[PDB]
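Below you'll find the structure, written out as structure tokens, and then a few comments.
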Amino acid sequence: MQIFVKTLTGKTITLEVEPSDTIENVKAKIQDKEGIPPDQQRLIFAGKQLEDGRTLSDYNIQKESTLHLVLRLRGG
Amino acid sequence: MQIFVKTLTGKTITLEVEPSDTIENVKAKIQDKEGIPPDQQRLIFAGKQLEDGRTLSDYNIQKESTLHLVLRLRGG
Amino acid sequence: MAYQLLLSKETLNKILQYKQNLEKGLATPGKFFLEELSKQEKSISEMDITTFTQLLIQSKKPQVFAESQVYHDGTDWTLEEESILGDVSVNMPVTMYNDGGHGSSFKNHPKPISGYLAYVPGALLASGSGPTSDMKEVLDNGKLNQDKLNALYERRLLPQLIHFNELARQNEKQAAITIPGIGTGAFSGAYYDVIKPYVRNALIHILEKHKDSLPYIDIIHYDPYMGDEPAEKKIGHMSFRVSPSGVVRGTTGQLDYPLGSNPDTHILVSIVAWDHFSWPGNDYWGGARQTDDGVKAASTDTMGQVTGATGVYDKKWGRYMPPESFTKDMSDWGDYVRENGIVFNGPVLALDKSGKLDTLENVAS
Amino acid sequence: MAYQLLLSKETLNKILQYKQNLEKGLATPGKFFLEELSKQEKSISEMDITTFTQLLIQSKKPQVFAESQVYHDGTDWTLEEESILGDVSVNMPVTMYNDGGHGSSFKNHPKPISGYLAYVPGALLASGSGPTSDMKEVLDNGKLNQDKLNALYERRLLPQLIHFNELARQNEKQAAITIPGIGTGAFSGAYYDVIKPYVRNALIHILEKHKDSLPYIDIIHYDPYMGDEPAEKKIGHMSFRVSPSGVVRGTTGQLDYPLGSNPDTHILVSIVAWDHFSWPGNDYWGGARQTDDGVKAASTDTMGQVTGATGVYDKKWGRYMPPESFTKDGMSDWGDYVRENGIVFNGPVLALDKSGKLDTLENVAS
């Protein structure tokens, strides 16, 4: 299964994924393709924020969904 | 007058501007601060597409408004 | 009104299936479809299919960014609504005021041109959320398929080709049609840098499959900004020209007669890259003379033909600005349609299996 | 429902000004405030000031991204409304189920702690489109004014500080407070990598100005992630500690008794970085244990105290899941519960007056 990621360069990339891939594995693939380390990434799907630990299957992310990638800070 | 630009990187930069500065001037300053040439820039403010030739005051952009930077690309 | 909407036979099958699904309680309308239905006195079963497609087309908002702002679930438009809306094209006669150049490269026509625009929504391969109906139609495990894309663009373009063939036939002329890089912009999404030859091949396929069905379409001037080699090609009787405005400078504008055509021998027709959910103007309803849609809608009297109001052409900005009665009191055309309650609804026809445009109920039999 | 909304004397002045402007049509409400205003049947001129303020609070939404999806005009909330909402804090007694570790670094508490939370909205210096109220208040020609930020955080924090002083006083104990980097997150916007010392100095100034008004606030455990030096300070009887958990190993959690404190001698209260427009812990109303707000709302029974419902804590994920009665049917988050049950955010509102005593709004107004 292939999904899309709207990246931090204003572009859109593709990733080969499996619904059993965890969000941190998706972040590792996004680091593979773009370089941003996974600890600085926040994945958003249609408003819902994706957390490391649960897979794409748990969020019911579809055939060719598109995840927004946002820069991640720590604080409040 | 200083305004903000939510850039591609996801962060937000500050920008020295005047109400009489055209959108082209804003794009040149964004190029100086982030590298993106003006021909690749699309400026949005509150959903309104800012276009070259118009000044910042032509869009009623006040003291500390924030401009979205989007990657401009050619086609249809 | 001054515009007309054409849809394909398979689009009418889509509409028939969606209507008989909504009648059986098997599906549920989207939000905007429901808002437009609420103003209607009739139910889904009372109205004919023409009123159904009219209320579905009326759901389009004047200004929409389909590449991000659409959820494709129930929040705005269900996927069936999207698969129907993408195949609907709208044509209208226009007064072309400048050559249609982007930015500040436009050149004002000294005597404005009389021609025709045909807004056809390109393939939507971009979204801010879930997959689009076009994504499911033309993509096979994320790989672009040229055959399905050919079928899509044929479905969406052939009705306008038939209409303008008949128009040139009735005008004792032939048809010179300018086509841009439809769907090669934001609509391409991740396929931004592979889509150009796919669109060119889809166009060549449509032309060569129906060369004899279009006897009076003579010149076809196709111009993606870049990404393609300049070329001429013979397709039966018609000359198909790939002339990238960015590669070969001096190319005729989108709202300008191609080389070898003139108002005495050809009618000028321009295909405009539309979207699934906006009015013919899109960006220019928000005031922006940007993108193919916006530049063409702003450089012509599109907003006049859609709203019925008489606007003024600003030569300095190359714009069809709203009427003085409104502007004298930054107020764009979307402001006009909001303040005057103007909607987008017009006559609709379908392309028969034989190849003749007719009313929806007629061809549905 | 067992939460309590607090606001400063200046906030009450703003509220009275806004109400008097609405009575005589000088100002117009916003879409969400007017929408929560139409669900009742008293006009601006009949109801007292607590009910007006409570409807203004009820204009909040369970999850809102105040730095992105807010317009700061009639579309949602106008500017007087945002100025008032930012100054409003809330507090509640909570059951702390883990030390508040972010992501998956949390350690579950074998015996959950009986403590309290104080959600306080930080300085909002970020917006998707338009200038915010705190932007106009604390920025002087683009620079961060330390004194204006000091006055802001004073207005916002001092009612909670006085309330928890009284709470410790009524329990024969002192108060150990843990504070995170309030405005250091996305709220900092363009000032992201300069604001940490400003926030620390604002906390220090608030403590200095009212050290004698706070007899029983003993330990204050301030904890940004990084970007601050580990230090210890004597503010009168108060032990103010800067121990950033990102640079110091073994730092006590935010939902953890700081060093030199225990349930016998202290009551544990944690300040939570809030926003102007959302219910406490908005990121967890969407189901995410991410921002400080969300982590602290998920690791405690905050959702249970705001909705009045009985959730269940989940150890593997460290989250306060919605009632099993409701989640019996996908991943139905707490926002789904409040949406289907139609719960509203509205509680008792008190104000801090001239003498540092919390009273009703009408009493403080005169």
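Residues are named by chain letter and number: chains run A, B, ... in the order of the structure tokens, numbers start at 1 in each chain, and ligands are numbered from 1 in the order shown.
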For chain A, list the residues within 7 Å of chain B, counting only C-alpha atoms, and write the list as number ranges by chain. A: 8-10, 70-71
Since chain B and chain A share a sequence, can you fit the second onto the first over all C-alpha atoms in order and output it as a short mmCIF file (atom, residue, chain, number, x, y, z; two decimals) with N, CA, C and O atoms, in the first residue's frame?
```
data_model
loop_
_atom_site.label_atom_id
_atom_site.label_comp_id
_atom_site.auth_asym_id
_atom_site.auth_seq_id
_atom_site.Cartn_x
_atom_site.Cartn_y
_atom_site.Cartn_z
N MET A 1 7.15 48.58 10.79
CA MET A 1 6.17 47.56 11.11
C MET A 1 6.74 46.16 10.85
O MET A 1 7.46 45.95 9.88
N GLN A 2 6.43 45.22 11.74
CA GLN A 2 6.95 43.86 11.65
C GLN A 2 5.81 42.88 11.42
O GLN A 2 4.77 42.97 12.10
N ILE A 3 5.99 41.96 10.48
CA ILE A 3 5.01 40.91 10.22
C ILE A 3 5.68 39.56 10.40
O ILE A 3 6.90 39.45 10.49
N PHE A 4 4.85 38.52 10.45
CA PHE A 4 5.31 37.14 10.56
C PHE A 4 5.05 36.38 9.27
O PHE A 4 4.07 36.65 8.56
N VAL A 5 5.92 35.42 8.97
CA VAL A 5 5.75 34.53 7.83
C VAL A 5 5.93 33.10 8.32
O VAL A 5 6.99 32.75 8.86
N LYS A 6 4.89 32.28 8.15
CA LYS A 6 4.97 30.84 8.38
C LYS A 6 5.61 30.21 7.15
O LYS A 6 4.99 30.15 6.08
N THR A 7 6.85 29.74 7.30
CA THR A 7 7.71 29.41 6.18
C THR A 7 7.58 27.95 5.77
O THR A 7 6.81 27.17 6.35
N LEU A 8 8.36 27.57 4.76
CA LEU A 8 8.36 26.22 4.20
C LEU A 8 9.16 25.22 5.03
O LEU A 8 9.25 24.06 4.64
N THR A 9 9.75 25.64 6.14
CA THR A 9 10.44 24.73 7.03
C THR A 9 9.60 24.37 8.25
O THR A 9 10.13 23.77 9.19
N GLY A 10 8.32 24.72 8.24
CA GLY A 10 7.48 24.54 9.41
C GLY A 10 7.76 25.52 10.53
O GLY A 10 7.34 25.29 11.66
N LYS A 11 8.46 26.60 10.24
CA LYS A 11 8.89 27.59 11.22
C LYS A 11 8.13 28.90 10.99
O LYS A 11 7.33 29.03 10.06
N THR A 12 8.40 29.87 11.85
CA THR A 12 7.82 31.20 11.74
C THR A 12 8.93 32.23 11.88
O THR A 12 9.68 32.21 12.87
N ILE A 13 9.05 33.12 10.90
CA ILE A 13 10.09 34.14 10.89
C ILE A 13 9.42 35.51 10.95
O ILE A 13 8.21 35.65 10.74
N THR A 14 10.23 36.52 11.24
CA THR A 14 9.78 37.91 11.28
C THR A 14 10.41 38.69 10.14
O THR A 14 11.54 38.42 9.72
N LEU A 15 9.67 39.68 9.63
CA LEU A 15 10.21 40.61 8.65
C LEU A 15 9.83 42.04 9.01
O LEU A 15 8.67 42.32 9.31
N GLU A 16 10.82 42.93 8.97
CA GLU A 16 10.57 44.36 8.98
C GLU A 16 10.02 44.77 7.62
O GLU A 16 10.70 44.61 6.60
N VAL A 17 8.80 45.29 7.59
CA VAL A 17 8.14 45.69 6.36
C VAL A 17 7.54 47.07 6.53
O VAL A 17 7.49 47.62 7.63
N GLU A 18 7.09 47.64 5.42
CA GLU A 18 6.26 48.82 5.41
C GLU A 18 4.97 48.50 4.65
O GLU A 18 5.00 47.72 3.69
N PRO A 19 3.84 49.07 5.06
CA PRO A 19 2.59 48.82 4.31
C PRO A 19 2.68 49.20 2.84
O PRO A 19 1.89 48.70 2.04
N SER A 20 3.62 50.07 2.46
CA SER A 20 3.84 50.42 1.07
C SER A 20 4.76 49.44 0.35
O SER A 20 5.09 49.68 -0.82
N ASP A 21 5.19 48.37 1.01
CA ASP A 21 6.01 47.35 0.37
C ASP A 21 5.13 46.47 -0.50
O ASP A 21 4.10 45.96 -0.04
N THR A 22 5.53 46.27 -1.75
CA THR A 22 4.78 45.41 -2.65
C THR A 22 4.99 43.94 -2.28
O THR A 22 5.97 43.57 -1.63
N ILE A 23 4.04 43.10 -2.72
CA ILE A 23 4.11 41.68 -2.39
C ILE A 23 5.38 41.05 -2.93
O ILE A 23 5.95 40.15 -2.31
N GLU A 24 5.87 41.52 -4.08
CA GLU A 24 7.12 41.00 -4.61
C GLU A 24 8.32 41.47 -3.79
O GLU A 24 9.33 40.76 -3.70
N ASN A 25 8.23 42.65 -3.17
CA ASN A 25 9.29 43.07 -2.25
C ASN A 25 9.27 42.22 -0.98
O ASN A 25 10.34 41.85 -0.45
N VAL A 26 8.08 41.89 -0.48
CA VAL A 26 7.98 40.96 0.64
C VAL A 26 8.56 39.61 0.27
O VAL A 26 9.24 38.96 1.07
N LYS A 27 8.32 39.16 -0.97
CA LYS A 27 8.89 37.90 -1.44
C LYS A 27 10.40 37.98 -1.58
O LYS A 27 11.09 36.99 -1.35
N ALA A 28 10.93 39.15 -1.96
CA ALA A 28 12.38 39.33 -1.99
C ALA A 28 12.97 39.24 -0.59
O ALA A 28 14.04 38.66 -0.40
N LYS A 29 12.28 39.81 0.40
CA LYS A 29 12.76 39.70 1.78
C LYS A 29 12.68 38.26 2.28
O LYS A 29 13.57 37.79 3.01
N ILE A 30 11.62 37.54 1.90
CA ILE A 30 11.51 36.13 2.28
C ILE A 30 12.61 35.31 1.62
O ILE A 30 13.12 34.34 2.21
N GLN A 31 13.00 35.66 0.39
CA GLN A 31 14.14 35.00 -0.24
C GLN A 31 15.44 35.34 0.48
O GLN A 31 16.33 34.49 0.61
N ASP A 32 15.57 36.60 0.92
CA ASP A 32 16.73 36.99 1.73
C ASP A 32 16.86 36.09 2.96
O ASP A 32 17.95 35.60 3.27
N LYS A 33 15.75 35.87 3.66
CA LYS A 33 15.82 35.14 4.93
C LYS A 33 15.73 33.63 4.79
O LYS A 33 16.10 32.92 5.73
N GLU A 34 15.27 33.10 3.65
CA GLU A 34 15.06 31.66 3.52
C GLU A 34 15.59 31.05 2.22
O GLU A 34 15.79 29.83 2.18
N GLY A 35 15.80 31.83 1.16
CA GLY A 35 16.43 31.36 -0.05
C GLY A 35 15.49 31.01 -1.19
O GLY A 35 15.93 30.96 -2.34
N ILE A 36 14.22 30.78 -0.90
CA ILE A 36 13.24 30.39 -1.92
C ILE A 36 13.05 31.54 -2.90
O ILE A 36 12.61 32.63 -2.49
N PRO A 37 13.33 31.35 -4.19
CA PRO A 37 13.25 32.47 -5.13
C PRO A 37 11.83 32.98 -5.23
O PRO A 37 10.86 32.20 -5.09
N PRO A 38 11.65 34.28 -5.46
CA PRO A 38 10.29 34.86 -5.40
C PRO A 38 9.32 34.28 -6.42
O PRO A 38 8.11 34.33 -6.18
N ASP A 39 9.81 33.74 -7.53
CA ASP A 39 8.94 33.18 -8.55
C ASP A 39 8.40 31.80 -8.19
O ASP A 39 7.60 31.25 -8.95
N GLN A 40 8.83 31.23 -7.06
CA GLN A 40 8.29 29.97 -6.56
C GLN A 40 7.49 30.15 -5.28
O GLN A 40 7.21 29.16 -4.60
N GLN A 41 7.10 31.38 -4.95
CA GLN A 41 6.43 31.69 -3.70
C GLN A 41 4.98 32.08 -3.96
O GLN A 41 4.68 32.80 -4.91
N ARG A 42 4.08 31.62 -3.09
CA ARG A 42 2.72 32.13 -3.02
C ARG A 42 2.46 32.55 -1.58
O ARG A 42 2.53 31.73 -0.67
N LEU A 43 2.17 33.84 -1.39
CA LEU A 43 1.85 34.36 -0.07
C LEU A 43 0.34 34.32 0.13
O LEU A 43 -0.42 34.76 -0.74
N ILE A 44 -0.09 33.77 1.26
CA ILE A 44 -1.50 33.70 1.61
C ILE A 44 -1.68 34.48 2.90
O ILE A 44 -0.88 34.33 3.83
N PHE A 45 -2.71 35.31 2.97
CA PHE A 45 -3.08 35.97 4.21
C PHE A 45 -4.52 35.61 4.52
O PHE A 45 -5.45 36.09 3.86
N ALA A 46 -4.70 34.74 5.52
CA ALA A 46 -6.02 34.39 6.04
C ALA A 46 -6.97 33.94 4.93
O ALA A 46 -8.16 34.26 4.94
N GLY A 47 -6.43 33.22 3.95
CA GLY A 47 -7.20 32.71 2.85
C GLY A 47 -7.06 33.50 1.56
O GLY A 47 -7.14 32.92 0.47
N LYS A 48 -6.86 34.81 1.65
CA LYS A 48 -6.71 35.64 0.46
C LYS A 48 -5.30 35.50 -0.11
O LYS A 48 -4.31 35.65 0.60
N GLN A 49 -5.22 35.20 -1.40
CA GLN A 49 -3.94 35.02 -2.07
C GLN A 49 -3.37 36.36 -2.50
O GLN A 49 -4.07 37.16 -3.14
N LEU A 50 -2.11 36.60 -2.17
CA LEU A 50 -1.48 37.89 -2.39
C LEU A 50 -0.78 37.89 -3.74
O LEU A 50 -0.06 36.94 -4.08
N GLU A 51 -0.98 38.96 -4.51
CA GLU A 51 -0.47 39.08 -5.87
C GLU A 51 0.64 40.12 -5.92
O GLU A 51 0.53 41.18 -5.30
N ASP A 52 1.68 39.82 -6.70
CA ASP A 52 2.75 40.79 -6.92
C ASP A 52 2.19 42.02 -7.61
O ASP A 52 1.44 41.92 -8.59
N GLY A 53 2.54 43.20 -7.09
CA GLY A 53 2.06 44.43 -7.69
C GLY A 53 1.30 45.30 -6.71
O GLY A 53 1.45 46.53 -6.73
N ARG A 54 0.49 44.69 -5.86
CA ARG A 54 -0.24 45.41 -4.83
C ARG A 54 0.50 45.28 -3.50
O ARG A 54 1.19 44.29 -3.25
N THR A 55 0.37 46.30 -2.66
CA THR A 55 1.16 46.37 -1.45
C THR A 55 0.40 45.79 -0.26
O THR A 55 -0.78 45.44 -0.35
N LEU A 56 1.10 45.70 0.87
CA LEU A 56 0.47 45.24 2.10
C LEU A 56 -0.64 46.18 2.54
O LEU A 56 -1.59 45.77 3.22
N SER A 57 -0.55 47.46 2.15
CA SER A 57 -1.60 48.42 2.49
C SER A 57 -2.89 48.11 1.75
O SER A 57 -3.98 48.27 2.31
N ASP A 58 -2.80 47.67 0.49
CA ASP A 58 -3.99 47.39 -0.30
C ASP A 58 -4.76 46.19 0.23
O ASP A 58 -5.98 46.12 0.07
N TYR A 59 -4.06 45.23 0.84
CA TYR A 59 -4.70 44.07 1.45
C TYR A 59 -5.10 44.30 2.90
O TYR A 59 -5.70 43.41 3.51
N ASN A 60 -4.80 45.48 3.44
CA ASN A 60 -5.07 45.82 4.84
C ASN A 60 -4.49 44.76 5.77
O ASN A 60 -5.19 44.17 6.61
N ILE A 61 -3.20 44.50 5.61
CA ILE A 61 -2.49 43.55 6.45
C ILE A 61 -2.01 44.27 7.70
O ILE A 61 -1.38 45.33 7.62
N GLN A 62 -2.30 43.68 8.86
CA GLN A 62 -2.33 44.42 10.12
C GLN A 62 -0.95 44.60 10.75
O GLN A 62 0.08 44.43 10.09
N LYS A 63 -0.94 44.95 12.04
CA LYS A 63 0.30 45.29 12.74
C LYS A 63 1.27 44.12 12.74
O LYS A 63 2.43 44.26 12.33
N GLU A 64 0.83 42.96 13.21
CA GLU A 64 1.66 41.76 13.28
C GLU A 64 0.94 40.57 12.67
O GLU A 64 0.79 39.51 13.28
N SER A 65 0.47 40.74 11.44
CA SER A 65 -0.20 39.65 10.74
C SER A 65 0.80 38.54 10.41
O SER A 65 2.01 38.72 10.45
N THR A 66 0.26 37.37 10.09
CA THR A 66 1.06 36.21 9.72
C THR A 66 0.64 35.72 8.34
O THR A 66 -0.53 35.41 8.12
N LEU A 67 1.60 35.68 7.42
CA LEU A 67 1.36 35.19 6.07
C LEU A 67 1.88 33.77 5.94
O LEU A 67 3.02 33.48 6.31
N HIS A 68 1.03 32.88 5.42
CA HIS A 68 1.47 31.54 5.06
C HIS A 68 2.26 31.61 3.76
O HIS A 68 1.84 32.26 2.81
N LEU A 69 3.41 30.94 3.72
CA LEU A 69 4.18 30.82 2.50
C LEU A 69 3.96 29.42 1.94
O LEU A 69 4.13 28.43 2.65
N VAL A 70 3.54 29.35 0.67
CA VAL A 70 3.26 28.08 0.02
C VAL A 70 4.12 27.97 -1.23
O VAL A 70 4.38 28.97 -1.91
N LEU A 71 4.58 26.75 -1.51
CA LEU A 71 5.30 26.50 -2.75
C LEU A 71 4.39 26.74 -3.94
O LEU A 71 3.21 26.38 -3.93
N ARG A 72 4.94 27.37 -4.98
CA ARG A 72 4.16 27.83 -6.11
C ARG A 72 4.52 27.04 -7.36
O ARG A 72 5.70 26.97 -7.74
N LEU A 73 3.51 26.45 -7.99
CA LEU A 73 3.64 25.72 -9.24
C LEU A 73 2.90 26.47 -10.35
O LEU A 73 2.17 27.43 -10.09
N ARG A 74 3.09 26.03 -11.59
CA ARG A 74 2.45 26.68 -12.73
C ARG A 74 1.69 25.65 -13.56
O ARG A 74 2.28 24.65 -14.00
N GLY A 75 0.41 25.90 -13.77
CA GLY A 75 -0.45 25.00 -14.51
C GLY A 75 -1.90 25.17 -14.04
O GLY A 75 -2.32 26.28 -13.71
N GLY A 76 -2.63 24.06 -14.03
CA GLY A 76 -4.00 24.05 -13.57
C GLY A 76 -4.34 22.87 -12.67
O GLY A 76 -5.48 22.41 -12.63
#
```
Exercise answer, chain D residues close to chain B, 7 Å and only C-alpha atoms, as a PyMOL selection string: chain D and resi 127-131+142+189-190
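As for atom CA of residue 249 of chain C and atom CA of residue 106 of chain C, they are spaced 13.3 Å apart.
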Per-residue DSSP, segment 2-177 of chain D, filtered to strand (DSSP E), as number ranges by chain: D: 4-7, 88-98, 108-121, 139-140, 143-144, 174-177
Please write the residues from the selection above to a file, keeping N, CA, C and O atoms, as a CSV table (one decimal), in the first residue's frame.
```csv
chain,number,residue,atom,x,y,z
D,4,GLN,N,-13.1,24.7,38.8
D,4,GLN,CA,-13.4,26.1,39.3
D,4,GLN,C,-12.6,27.1,38.4
D,4,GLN,O,-11.4,26.9,38.2
D,5,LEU,N,-13.3,28.1,37.9
D,5,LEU,CA,-12.6,29.1,37.0
D,5,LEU,C,-12.3,30.3,37.8
D,5,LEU,O,-13.1,30.8,38.6
D,6,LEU,N,-11.1,30.8,37.6
D,6,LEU,CA,-10.6,32.0,38.3
D,6,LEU,C,-10.1,33.0,37.2
D,6,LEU,O,-9.7,32.7,36.1
D,7,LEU,N,-10.0,34.3,37.7
D,7,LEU,CA,-9.6,35.3,36.8
D,7,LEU,C,-9.2,36.5,37.7
D,7,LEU,O,-9.6,36.7,38.8
D,88,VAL,N,-8.2,33.9,31.8
D,88,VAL,CA,-9.1,33.0,32.6
D,88,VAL,C,-8.3,31.7,32.8
D,88,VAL,O,-8.0,31.0,31.8
D,89,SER,N,-8.1,31.3,34.0
D,89,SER,CA,-7.6,30.0,34.4
D,89,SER,C,-8.6,29.1,35.0
D,89,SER,O,-9.7,29.6,35.4
D,90,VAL,N,-8.3,27.8,35.1
D,90,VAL,CA,-9.2,26.9,35.7
D,90,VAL,C,-8.4,25.9,36.6
D,90,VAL,O,-7.2,25.7,36.3
D,91,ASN,N,-9.0,25.4,37.6
D,91,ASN,CA,-8.3,24.4,38.5
D,91,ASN,C,-9.3,23.3,38.9
D,91,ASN,O,-10.5,23.5,38.8
D,92,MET,N,-8.7,22.2,39.3
D,92,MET,CA,-9.6,21.0,39.6
D,92,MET,C,-8.7,20.0,40.4
D,92,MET,O,-7.5,19.9,40.2
D,93,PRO,N,-9.4,19.3,41.3
D,93,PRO,CA,-8.6,18.2,42.0
D,93,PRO,C,-8.6,17.0,41.1
D,93,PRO,O,-9.6,16.6,40.4
D,94,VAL,N,-7.4,16.3,41.0
D,94,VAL,CA,-7.1,15.3,40.0
D,94,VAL,C,-6.5,14.1,40.7
D,94,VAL,O,-5.9,14.2,41.8
D,95,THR,N,-6.6,12.9,40.0
D,95,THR,CA,-6.0,11.7,40.4
D,95,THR,C,-4.8,11.5,39.4
D,95,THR,O,-5.1,11.2,38.2
D,96,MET,N,-3.6,11.6,39.8
D,96,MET,CA,-2.4,11.5,39.0
D,96,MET,C,-2.0,10.0,38.8
D,96,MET,O,-1.7,9.4,39.8
D,97,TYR,N,-2.2,9.5,37.6
D,97,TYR,CA,-2.0,8.1,37.3
D,97,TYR,C,-0.5,7.8,36.9
D,97,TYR,O,-0.1,6.6,36.9
D,98,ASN,N,0.2,8.8,36.4
D,98,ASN,CA,1.6,8.6,36.0
D,98,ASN,C,2.3,9.9,36.2
D,98,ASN,O,1.7,11.0,36.4
D,108,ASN,N,4.2,4.8,35.3
D,108,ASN,CA,2.9,4.7,36.0
D,108,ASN,C,3.1,4.7,37.5
D,108,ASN,O,4.1,4.1,38.1
D,109,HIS,N,2.2,5.4,38.2
D,109,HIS,CA,2.3,5.5,39.7
D,109,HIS,C,1.7,4.3,40.3
D,109,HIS,O,0.5,4.0,40.0
D,110,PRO,N,2.4,3.5,41.1
D,110,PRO,CA,1.8,2.3,41.7
D,110,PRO,C,0.6,2.7,42.6
D,110,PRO,O,-0.4,2.0,42.5
D,111,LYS,N,0.6,3.8,43.3
D,111,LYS,CA,-0.5,4.4,44.0
D,111,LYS,C,-0.7,5.8,43.5
D,111,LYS,O,0.0,6.7,43.8
D,112,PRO,N,-1.8,5.9,42.7
D,112,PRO,CA,-2.1,7.2,42.1
D,112,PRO,C,-2.2,8.3,43.1
D,112,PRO,O,-2.6,8.1,44.2
D,113,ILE,N,-1.7,9.5,42.7
D,113,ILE,CA,-1.6,10.6,43.7
D,113,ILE,C,-2.8,11.5,43.7
D,113,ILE,O,-3.4,11.7,42.6
D,114,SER,N,-3.2,11.9,44.9
D,114,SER,CA,-4.3,12.9,45.0
D,114,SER,C,-3.7,14.3,44.9
D,114,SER,O,-3.1,14.8,45.9
D,115,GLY,N,-3.9,15.0,43.8
D,115,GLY,CA,-3.3,16.3,43.6
D,115,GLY,C,-4.3,17.3,43.0
D,115,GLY,O,-5.5,17.0,43.0
D,116,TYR,N,-3.8,18.3,42.4
D,116,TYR,CA,-4.6,19.3,41.8
D,116,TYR,C,-3.9,19.8,40.5
D,116,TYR,O,-2.7,19.8,40.4
D,117,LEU,N,-4.7,20.3,39.5
D,117,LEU,CA,-4.2,20.9,38.3
D,117,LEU,C,-4.8,22.3,38.1
D,117,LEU,O,-5.9,22.5,38.6
D,118,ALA,N,-4.0,23.1,37.6
D,118,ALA,CA,-4.3,24.5,37.3
D,118,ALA,C,-4.0,24.8,35.8
D,118,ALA,O,-2.8,25.1,35.5
D,119,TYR,N,-4.9,24.8,35.0
D,119,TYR,CA,-4.8,25.1,33.6
D,119,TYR,C,-4.7,26.6,33.4
D,119,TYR,O,-5.7,27.3,33.8
D,120,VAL,N,-3.6,27.2,32.9
D,120,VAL,CA,-3.4,28.6,32.7
D,120,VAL,C,-3.0,28.8,31.3
D,120,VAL,O,-2.1,28.2,30.8
D,121,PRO,N,-3.7,29.7,30.6
D,121,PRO,CA,-3.4,30.0,29.2
D,121,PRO,C,-2.1,30.8,29.0
D,121,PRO,O,-2.1,31.9,29.6
D,139,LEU,N,4.4,42.7,23.1
D,139,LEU,CA,5.4,43.1,22.1
D,139,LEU,C,5.4,44.6,21.9
D,139,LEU,O,4.4,45.2,21.7
D,140,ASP,N,6.6,45.2,21.8
D,140,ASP,CA,6.8,46.6,21.6
D,140,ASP,C,7.7,46.8,20.4
D,140,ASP,O,8.9,46.6,20.5
D,143,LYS,N,9.8,43.6,19.6
D,143,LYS,CA,10.6,43.1,20.7
D,143,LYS,C,9.7,42.5,21.8
D,143,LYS,O,8.6,42.9,22.0
D,144,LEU,N,10.3,41.5,22.5
D,144,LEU,CA,9.6,41.0,23.7
D,144,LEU,C,9.9,41.9,24.9
D,144,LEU,O,11.0,42.0,25.3
D,174,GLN,N,1.7,22.5,53.2
D,174,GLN,CA,2.2,23.5,52.3
D,174,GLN,C,2.0,23.0,50.8
D,174,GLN,O,1.5,21.9,50.6
D,175,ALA,N,2.3,23.8,49.9
D,175,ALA,CA,2.0,23.6,48.5
D,175,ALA,C,3.2,23.4,47.6
D,175,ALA,O,4.1,24.3,47.6
D,176,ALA,N,3.4,22.3,47.0
D,176,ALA,CA,4.5,22.0,46.0
D,176,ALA,C,3.9,22.1,44.6
D,176,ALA,O,3.0,21.3,44.3
D,177,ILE,N,4.4,23.1,43.9
D,177,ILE,CA,3.9,23.4,42.5
D,177,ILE,C,4.9,23.0,41.5
D,177,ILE,O,6.1,23.4,41.7
```
Distance limit 10 Å, atoms considered: only C-alpha atoms. Which chain C residues sit that close to chain B? Return them as a VMD selection string. chain C and resid 103 to 104 121 to 122 180 to 188 192 196 223 to 226 272 to 275 283 to 284 286 to 294 317 330
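Close contacts of residue 139 of chain C, defined as residues with an atom at most 10 Å away when counting only C-alpha atoms, with chain neighbours fewer than 6 positions off set aside, comprise residues 64 of chain A; 125, 145, 146, 148 and 149 of chain C.
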What does the file look like for those residues with N, CA, C and O atoms, as a compact mmCIF listing (two decimals), in the first residue's frame?
```
# COMPACT_ATOMS: atom_id res chain seq x y z
N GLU A 64 -4.80 5.56 -0.33
CA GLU A 64 -3.84 6.58 -0.72
C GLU A 64 -4.09 7.86 0.06
O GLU A 64 -4.24 8.95 -0.50
N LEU C 125 -5.24 14.50 -8.37
CA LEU C 125 -4.32 13.59 -7.70
C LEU C 125 -3.68 14.24 -6.48
O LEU C 125 -2.52 14.00 -6.16
N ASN C 145 -1.52 5.07 -14.45
CA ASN C 145 -1.90 4.26 -15.60
C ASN C 145 -2.38 5.17 -16.72
O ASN C 145 -3.31 5.95 -16.53
N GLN C 146 -1.75 5.04 -17.89
CA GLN C 146 -2.10 5.92 -19.01
C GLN C 146 -3.47 5.60 -19.58
O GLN C 146 -4.17 6.50 -20.05
N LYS C 148 -6.32 4.38 -18.04
CA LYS C 148 -7.40 4.91 -17.22
C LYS C 148 -7.44 6.43 -17.29
O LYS C 148 -8.52 7.04 -17.29
N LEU C 149 -6.27 7.07 -17.39
CA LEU C 149 -6.22 8.52 -17.53
C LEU C 149 -6.78 8.95 -18.88
O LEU C 149 -7.47 9.98 -18.97
```
